[PDB]
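Single chain ahead, by itself, as structure tokens, in the form deposited in one PDB entry.
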């Protein structure tokens, strides 16, 4: 069984089946499939000028164009961009940048980065260490610490979500104080944890994280691997949650996955420090594969000029979120129905009233995912969390089509749970 074609939100196979890609490839095909204009952009750039050379003191014009456009859509203060080939490379570079920044400041001890259990930051040795996947962890490398994730369903006890957000953020303060602030370089997090299961923190979480980072002279880093380029309805997830990172990382969402690329966006304060040190100046000037940059430029231009991101914020996001909640909330073994913009999720649970999870977390998720897949719907299981992140161009009719298939699948899921004595 082989894939033949993609268009919009659909994939087709050699047997003629139409498949709804409810995950937009690897959470990244934000403009959808079938952009022949991107192929033309790549073709043109490769025929004309696919290289630049450091012999010249100038930046390749395709990269200049991309950076200029990016500046218009990123938050204030992020004019300095260091391009990479992937989100994993972006995270790795960010780690080195954070540590070098503190060296330049005359604080060589300030080297520990803090992440979270169930956080994911790619697959380099550095990124895997900063991530908090139990299986991935030798690992972690030195100068890496972790705090618990803001997963209310599991850790909330009898706290309201807002109370819990403050408590979960204060775990960062506890860890900083345990290590000593003089040894802590940065806190890094995905605005919404992606691979961990679309863990959406309470509204009080990020502002308290930021208060803590600022109090203790710790840098704040957003990993926009999944939340970037319109996924939440804002251009970047940190904008939705209302925090101001000092740097943020981006992955191939920058090109909707059509060519490999990533970036580190470096805010004014950290950029000034890095440039004083000099170690990243070559990359600030010369980074960025020009062919990948031309495609990324076409992608970002489409996201803005075709109204795609604005439509997530104003139209399809709120529609998806309401329809998602209307569809899944009634099921006996579905809880914590959640989402923002065009990322959404729920958790398969043994007992909603008790907030009791199934044992062997992941086994039931796999069972449900297999039902979706049999019905030609791609949604992903992260443990027993079911997640979705379709192309942002999905229409209201396509949302409703996807939800109708998922609804049918959940009916079968509930029936199967019962039949197997697992309900």
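We call the rigid core whatever largest set of C-alpha positions still superposes within 1.5 Å between the two forms. Residue numbers count along the first chain shown, from 1.
Although not depicted, the form deposited in another entry is the subject of the following passage.
A 2 Å or larger CA shift between the shown form and the other one, after fitting on the rigid core, occurs at just one of 287, 88, 74, 327, namely 287. With the core held fixed, residue 395 shows a CA shift below 2 Å between the shown form and the other one. If you fit the rigid core between the shown form and the other one, you'll see the Cα of residue 51 move by 2 angstroms or more. Once both forms are fitted on their rigid core, the CA atom of residue 415 lies less than 2 Å apart between the shown form and the other one. Annotation: residue 281/residue 66 CA-CA distance longer in the other entry than in the displayed model, change of at least 3 Å. Compared with the form shown here, the Cα atoms of residue 286 and residue 101 sit 3 Å or more farther apart in the other entry.
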